[PDB]
Ligand SMILES: CCCCCCCCCCCCCCCCCC(=O)OC[C@H](COP(=O)([O-])OCC[N+](C)(C)C)OC(=O)CCCCCCCCCCCCCCCCC
Ligand SMILES: CCCCCCCCCCCCCCCCCC(=O)OC[C@H](COP(=O)(O)OCCN)OC(=O)CCCCCCCCCCCCCCCCC
Ligand SMILES: CCCCCCCCCCCCCCCCCC(=O)OC[C@H](COP(=O)(O)OCCN)OC(=O)CCCCCCCCCCCCCCCCC
Ligand SMILES: NC(=O)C1=CN([C@@H]2O[C@H](COP(=O)(O)OP(=O)(O)OC[C@H]3O[C@@H](n4cnc5c(N)ncnc54)[C@H](OP(=O)(O)O)[C@@H]3O)[C@@H](O)[C@H]2O)C=CC1
Ligand code: SF4
Ligand code: SF4
Ligand code: SF4
Ligand SMILES: [Zn+2]
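Protein chains in written order, with the numbering used here: chain B, 1160 to 1254; chain H, 5 to 53; chain L, 6 to 36; chain Y, 10 to 306; chain C, 166 to 373; chain Z, 68 to 181; chain W, 1429 to 1584; chain G, -5 to 374; chain D, 480 to 655.
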């Protein structure tokens, strides 16, 4: 989900772009500004919300010990989904 | 005689690189002319033996 | 459990001494 | 004034001086010590280079990481000049040749390229422009060097009206072609009077001209403290160097007297004490060794 | 407490305590403290006038024979008025034992050099001159050994900063490596790591 | 207040040792300018020696000036024997260091340092 | 033109000779030197590239700074660099030579040998492997291969 | 008068006072690799201070790791598990092979025998493959830690160590064929650098520098650490105190290291490799990601580090260059208050001036070879 | 428990004296050394053909750093600063904030690869396997600042080398 400033410089996933009058753009002259174009905030929004039949769900991020520490997410709010604080996968109680 | 087997292994290296042209190709690009089993080729043309 | 271990009978004997094999003719024979 | 160009630090290598300099001709004799004195303050120095990048290697230890940006440029390419100057707040011109080549005569090096750099720096919004003429630049001069350098001074002044133009007399240093020319000539003695100026004095004058807002639109004449005749100067060079490539234009310039311009400001008006030759001639001419000082006028 | 705990050696503890009593009563003119750690290492804390008589004793006495000087060390402790703690580590090959001899000095009191006892000390206390500033009297050639030749200050003092006061670079104007005041592109990030909870109640100091 | 001396019992013996160290540096400066092929004069090096001696001129403790004489003898031994290079001799002349702002107003202009 | 082709072929010739006869002077300062000794060891064998083992400093073509550059040795490094005949190159090997490394915040360590000498190739690692050092030497050979000395001479 | 030669800048400065061919005075100027390691250790945790020890004697990495680990474990009043101790002795003797290959082959290379250098550095490359397979790094493994070792042996590593060790004695035999009976090698080493036993004790020498002079001292025998009292080996003892007996002692120590490695491969026990005190050694990653206590302990050990109880130890090992010591002072915090590093090469290079008197200038490079000097540990 | 290297008294009968005289005059051990050098002349050398052949490595190998992702594209790094706390060189510089969906993510993740000691304490301190020290060792640069990696470079190294990094972690995580 990369975009471009009016200077022609790409904006990173942080939101960093130099100003037009900033001299430090001269480091990219004849070279390139290395950005990663796989924005993690856009890719985790592409994941579907997991409908589970429990009140409390556990997430370890997949892979068992290859994921993150296993946390427990409450799903009592029906207004909001329950988001994992590590991996950003989100859960909803189906009732 | 086992020197004849050495010379035949050299000649079959020449034959196994597809003739003298491919032999000299791998000689000047690789500094190495020994033949191997082609394990694979990636999407770039790098061949793995 | 599965762990890096020696085999059941252990490993074979490993040489560790000097082996300078004493080759050549005698000093009488070399003159 | 943008926040990234506010000065910070104590003026050392990792500091921020707030100077973003594009130094054309930085791979030469003056550019060496100018990029040295800029990089030790913590300036952003853009070095456009024409030569092999190997020949720019000595410019790389002169500043902190990312403080010298090297980029290709061509003197007849305004796109490369604009590519080099559009982020800078000062552009220094040090482009020069003592001889004319097959591709570049004195009009290309001293008129066309300085007017191109000054015009492109004017239309890129560069605040400060420093141009280096010669003290003996005259339209009616006998040498093609000084004629084209006077014409280029006039064109730089008329296309960048706030340019600081600097007149050095004859710059001596370790990599000069003034004392090293006399020490390797082993042409004669005439009635020519010279006051040669030291290279660190010239560099301090250029950097004080960057920092002084009163130096905009001025014409400075950087001269040494002592005027010498040419004959006893050359004899002093052969005396210090322990001794018993040229062209006729260089001979016309060695036999051209360094004019006195009291109406122009000098090194003292930029806060620079002009170092005499006798303190620094040993430092130059120690290389030529396999002394009573010269008489001033 | 068997598998994860280091086993205590009570025999060596008792032997080193008896030998510490032995040294303390043979040399009461200089011995100030004698202590044995829980991992059985003997420390003889002495007055600095007895550097030569104690170390010559331990080198030459038939029940000591500490012939080897393993290491000679200073420790800077700025809260003491004698901030430097000179540490001798000695090895007896005859009795297969180690002893530590500790003394003290401030910045201005010279310690007597022990080169006449152990020639091994010749560089070590020379290092103590370079790193801490402790002068050793009657040293044969006392000078710097590890710092640069024009180095100002003594770096292993705890009020000496981690990066120094000067740094070097090549300067092409003077064609020379030059020393300038230190500027770091990234400051060393000081970490405050100490937990505010007491770790070891056995080492609790009595309050005011 | 009863401390152990280093070499000098009082300040007069200490001034004697200071004076002999100054004599030795004064004799050594021309040889140092010659063999390191320095670009300074003998007068300039002797002025630097006088500056380094006058920098410590406020000290009234005999042990401190004994250590100053000891460190000056160490620097002199590193100079006579060619253990220093030309760079170490020229570090006394802070030539590449720009002059610091001295008055209040220029220190106000350049930054925050008092 | 004709002269442009001639100076292009002569650039290719002299760049071939200089990259296929690189003679290194290795500053064996610290642990990296050991790994340089593994790049001369028979597995990697720098000598088959034309890269001789331990050329003398007055006939060497590249200075390999392999180890921590302290303040006490930086003038000796600069002196040996100044005594090298041109064309001289500098490979910085390992983290302490590159930027100070594990001793970056030390009072006695030069924060990268690029404060002292101009550096062509930075070889990262602590230590970089002998194969990574050989990679850096081959990258230096590729950098020499695209030099344009006579073409820039013909265009100036 | 007599000639003064300043042999400028491992790297060493030497100030020779020669009287023709003879050496009258040898003044080694050092500090060319002084990096202030043990001041940097005071601003880092114990785990953070560990990789500085790889870089002191940088041909004896895991031995210095072992000495620092033994010092910290002594102050922590904990002991490593038995398999960790056997891995430490196995890799300590692999490390001893590495260092004595470096010692003997560069000592032969500096004298002029350049070929067994190349022969033995391929074996040294295979042992660096062993380091890389066990830790991920060829040289600075950071593998032996306070509490044990960082990670267990990968499967199939001990078989490859066996395949190395089964063939390495023939490599020692052909090194010894090139050098030991060679009259040119004997003329450069037999009457060179003779140290008496009393002067070697008095000058703080250790290791082969004692044992070449006939002193029957080895810290793996006399003051034994991890499981060296459970392995059987001999201690080579010299008779003349010269360069040649110290050469033979290093060759026979390679023999005995192969012997110890065979015993370690046969007697490797099962079990864990860190101490099972999770307030010292970090827990496994599977239980760090499952247990609350394990995650807290992981967090605190990798940010604060373990607190070490206050006190000072002098912990020494028989490193391949000699007695390698750490005088470690803890104030109670999670960072060392003081860490003096005793290196053997420091006292050995201090004794260089006595060892070189009455010899030639070509003998001095042989004496600097027989004192196995790495200036990382000399200068810190 | 000890042995005497070089404590042999040579035999002084005429047989052994003549043996040593024949060794002295006829250069026997020198011909032995020439035989050993000739023996290595006819061995296959240990030289691999770099760059076409590579030195063998393990999946534990500590090379170029990379920031990894979950199998959804979400980056693993949750800005806990354990890697920069444990970093013995202080090579890691981290700044963080909540991003637009409230997630705890870094805005700065810098690794100075010229301070870095390549010891891998960051990857073992990392609770979520975010920072890894991957398998690449062939990343020499021509300029010093190309080895001052920001977060974009490290995430591109992760996206570049993940197919290899995940399989190396798969081979070794049961030892961790
Ligand atoms: C065409 C081929 C020509 C070359 C042929 C040889 C090629 C291979 C050479 C390989 C080795 C090269 C090594 C280079 C360095 C050499 C060092 C060296 O050897 O130094 C010389 C060594 C020096 O020995 P040294 O000094 O090391 O031994 C100690 C000796 N003392 C105890 C006395 C001090 O030997 C010689 O000097 C021998 C010289 C040659 C003698 C030749 C044999 C003569 C036999 C005559 C008959 C005797 C019969 C018995 C008596 C009765 C008589 C009636
Ligand atoms: C008594 C006998 C003495 C003998 C002395 C000499 C011994 C060695 C003889 C030579 C041995 C073989 C050398 C081969 C050299 C490499 C040739 C080659 O392939 O070069 C390739 C290179 C680039 O070609 P390019 O077109 O870019 O390739 C892309 C292809 N798609 O293209 C080029 O580099 C351009 C072509 C270069 C050709 C060089 C050939 C070798 C010259 C050696 C000098 C001596 C010649 C013999 C003298 C004695 C006999 C007369
Ligand atoms: C008008 C036109 C002519 C102008 C004047 C030129 C006269 C002829 C000069 C020689 C030929 C010019 C071209 C030189 C080579 C250019 C192409 C080149 O570099 O090809 C590269 C190729 C090897 O590829 P590389 O990149 O090295 O591979 C990495 C390793 N895997 O390289 C190779 O395969 C080998 C290249 C060999 C180069 C030629 C042989 C040496 C030169 C012989 C003549 C000069 C020396 C005379 C005698 C000197 C003393 C013996
Ligand atoms: N005695 C003196 O030195 C005096 C000099 N001046 C003037 O000061 C200036 C700087 O002097 P100095 O350093 O000594 O001169 P140099 O000859 O040493 O360097 C001149 C610089 O200009 C570059 N240059 C030359 N011609 C061209 C061109 N056609 N296109 C692009 N770049 C070019 C050179 O680059 P490259 O290396 O690629 O050729 C070099 O970097 C000059 O203008 C000179 O006239 C004035 C008074 C006295
Ligand atoms: S970068 Fe690392 S391994 Fe290399 S010399 Fe430095 S400390 Fe030693
Ligand atoms: S490998 Fe070590 S030095 Fe490098 S970033 Fe990770 S923790 Fe820091
Ligand atoms: S330890 Fe891992 S999750 Fe924590 S800040 Fe570092 S890379 Fe991110
Ligand atoms: Zn999750």
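C-beta atoms are modelled at their ideal positions from N, C-alpha and C, and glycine is treated no differently.
**OP:** Verify the contact flag: residue 605 of chain D, CB atom, against every heavy atom of ligand 8, threshold strictly below 7 Å.
**Re:** Taking the ninth chain and counting its residues from 1, the one referred to as residue 605 of chain D is at position 126. Taking 7 Å as the cut-off, one finds no heavy atom of ligand 8 near enough to the beta carbon of residue 605 of chain D.
**OP:** Can you give me, in chain order, the residues of the segment 556 to 573 of chain D that have a beta carbon less than 9 Å from any beta carbon in chain C?
**Re:** 563, 564, 569, 572
Subject >> residue 142 of chain G - partner residues in DSSP beta bridges >> reply: Start at 1 with the first residue of the eighth chain, and residue 142 of chain G comes out as number 148. For residue 142 of chain G, which the question treats as bridged, DSSP gives the partners G:139, G:268.
**OP:** Taking only heavy atoms of ligand 3 into account, decide whether any of them is closer than 7 Å to the Cβ of residue 1448 of chain W.
**Re:** As a working note, residue 1448 of chain W is residue 20 in the seventh chain. Flag set: Cβ of residue 1448 of chain W near ligand 3.
Original post:
Taking the C-alpha atoms as reference points, what is the distance between residue 76 of chain G and residue 8 of chain L?
Top reply: For this step, residue 76 of chain G is matched to residue 82 along the eighth chain. For this step, residue 8 of chain L is matched to residue 3 along the third chain. Computed Cα separation, rounded: 14 Å.
Original post:
Closer than 8 Å, CB to CB, is residue 619 of chain D near chain W or not?
Top reply: For the purposes of this step, residue 619 of chain D is taken as residue 140 along the ninth chain, with counting starting at 1. At least one chain W Cβ lies under 8 Å of residue 619 of chain D.
Original post:
Is residue 108 of chain G helix, strand or coil by DSSP?
Top reply: If you number the eighth chain from 1, residue 108 of chain G lands on position 114. Residue 108 of chain G: coil per DSSP, three-state reduction.
Original post:
Between residue 541 of chain D and chain G, is there a C-beta pair that is closer than 8 Å?
Top reply: Position 62 of the ninth chain, counted from the first residue, corresponds to residue 541 of chain D. At least one chain G Cβ lies under 8 Å of residue 541 of chain D.
Original post:
Closer than 7 Å: is that where the CB of residue 561 of chain D sits relative to any heavy atom of ligand 7?
Top reply: Counted from its first residue, the ninth chain places residue 561 of chain D at position 82. Yes, the Cβ of residue 561 of chain D comes within 7 Å of a heavy atom of ligand 7.
Original post:
Quick one: is residue 642 of chain D buried, meaning 16 or more other Cβ sit within 10 Å of its Cβ, or exposed?
Top reply: The sequence position of residue 642 of chain D within the ninth chain is 163, counting from 1. Classification for residue 642 of chain D: exposed.
Original post:
Count the other CB atoms within 10 Å of the CB of residue 1491 of chain W; is the residue buried (16 or more) or exposed (fewer)?
Top reply: As a first step, residue 1491 of chain W is located in the seventh chain; it is residue number 63 there, counting from the start. Label assigned to residue 1491 of chain W: buried.
Subject >> Candidates Y:137, Y:111, Y:211, of which the one nearest residue 27 of chain Y by Cα >> reply: Looking up residue 27 of chain Y in the fourth chain gives position 18. Relative to residue 27 of chain Y, the option among Y:137, Y:111, Y:211 whose CA is nearest is Y:137.
**OP:** Check each candidate in D:552, D:577, D:489 and name the one with the smallest Cα separation from residue 1202 of chain B.
**Re:** The residue you call residue 1202 of chain B lines up with position 43 of the first chain. Closest by alpha carbon: D:552.
Original post:
Quick one: is the Cβ of residue 1245 of chain B within less than 7 Å of any heavy atom of ligand 8?
Top reply: Here residue 1245 of chain B refers to the residue found at position 86 when the first chain is read from its first residue. Yes, Cβ of residue 1245 of chain B sits closer than 7 Å to a heavy atom of ligand 8.
Subject >> Span of the beta strand (DSSP E), counted from its first residue to its last, around residue 298 of chain G >> reply: By one-based count along the eighth chain, residue 298 of chain G stands at place 304. Neither: residue 298 of chain G is in no beta strand (DSSP E) and is coded neither H nor E.
Subject >> Euclidean distance between Cα positions of residue 273 of chain Y and residue 173 of chain Y >> reply: Locating residue 273 of chain Y in the fourth chain gives position 264, where the first residue counts as 1. Locating residue 173 of chain Y in the fourth chain gives position 164, where the first residue counts as 1. Answer to the nearest angstrom: the Cα atoms are 12 Å apart.
Original post:
Are any of the Cβ atoms in chain G nearer than 8 Å to that of residue 150 of chain Z?
Top reply: Against the sixth chain, residue 150 of chain Z aligns to sequence position 83. Yes, residue 150 of chain Z counts as interfacial toward chain G.
Subject >> residue 370 of chain C versus G:239, G:176, G:325, G:159, residue with shortest Cα-Cα distance >> reply: As a working mapping, residue 370 of chain C is identified with position 205 in the fifth chain. That would be G:325, whose Cα lies nearest to the Cα of residue 370 of chain C.
Original post:
Residues in its own chain within less than 7 Å of residue 370 of chain G by CB, not counting five upstream and five downstream?
Top reply: By one-based count along the eighth chain, residue 370 of chain G stands at place 376. Cβ neighbours of residue 370 of chain G beyond the five flanking positions: 27, 49, 50, 51, 52.
Subject >> Boundaries (first-last residue) of the alpha helix (DSSP H) holding residue 141 of chain Y >> reply: Residue mapping note: residue 141 of chain Y aligns to position 132 of the fourth chain, counting from 1. From DSSP, residue 141 of chain Y is part of no alpha helix (DSSP H) but of the beta strand (DSSP E) over 137 to 141.
Original post:
Of the residues W:1465, W:1510, W:1445, which one's Cα is nearest the Cα of residue 1561 of chain W?
Top reply: On the seventh chain, residue 1561 of chain W is found 133 positions in, with the first residue counted as 1. Considering only alpha carbons, the answer is W:1465.
Subject >> Pick from W:1529, W:1429, W:1440 that is closest to residue 1576 of chain W, judged by C-alpha positions >> reply: The residue given as residue 1576 of chain W occupies position 148 in the seventh chain. Answer by Cα proximity: W:1440.
Subject >> Given residue 575 of chain D as reference, the closest of D:651, D:510, D:559 once Cα atoms are compared >> reply: On the ninth chain, position 96 is the one that residue 575 of chain D refers to. Residue 575 of chain D has its Cα closest to that of D:559, out of D:651, D:510, D:559.
**OP:** Kindly list the residues whose CB is nearer than 7 Å to the CB of residue 18 of chain Y, restricted to its own chain and excluding five residues on each side of it in sequence; keep chain order.
**Re:** The sequence position of residue 18 of chain Y within the fourth chain is 9, counting from 1. Answer for residue 18 of chain Y: 24, 25, 51, listed in chain order.
Subject >> Length at least 3, wholly inside the segment 249 to 289 of chain C: the beta strand (DSSP E) runs in chain order >> reply: 249 to 257, 262 to 270
Original post:
What are the boundary residues of the alpha helix (DSSP H) that residue 152 of chain G is part of?
Top reply: As a position in the eighth chain, residue 152 of chain G is number 158, starting the count at 1. Residues 151 to 173.
Original post:
Can you find a heavy atom of ligand 4 that lies under 7 Å from the Cβ of residue 59 of chain Y?
Top reply: Residue mapping note: residue 59 of chain Y aligns to position 50 of the fourth chain, counting from 1. Within 7 Å of the C-beta of residue 59 of chain Y there is at least one heavy atom belonging to ligand 4.
Original post:
Measuring CA to CA, which of W:1435, W:1511, W:1485 is closest to residue 1451 of chain W?
Top reply: As a working note, residue 1451 of chain W is residue 23 in the seventh chain. When the alpha-carbon of residue 1451 of chain W is set against those of W:1435, W:1511, W:1485, the nearest one is in W:1485.
**OP:** Compare the C-alpha of residue 550 of chain D against each of B:1237, B:1170, B:1222 and name the closest.
**Re:** Looking up residue 550 of chain D in the ninth chain gives position 71. Measuring from the Cα of residue 550 of chain D, the nearest candidate turns out to be B:1222.
**OP:** Determine the direct distance from the alpha carbon of residue 180 of chain G to that of residue 1580 of chain W, and round the result to whole angstroms.
**Re:** Looking up residue 1580 of chain W in the seventh chain gives position 152. Looking up residue 180 of chain G in the eighth chain gives position 186. Taking the straight line from one Cα to the other gives about 58 Å.
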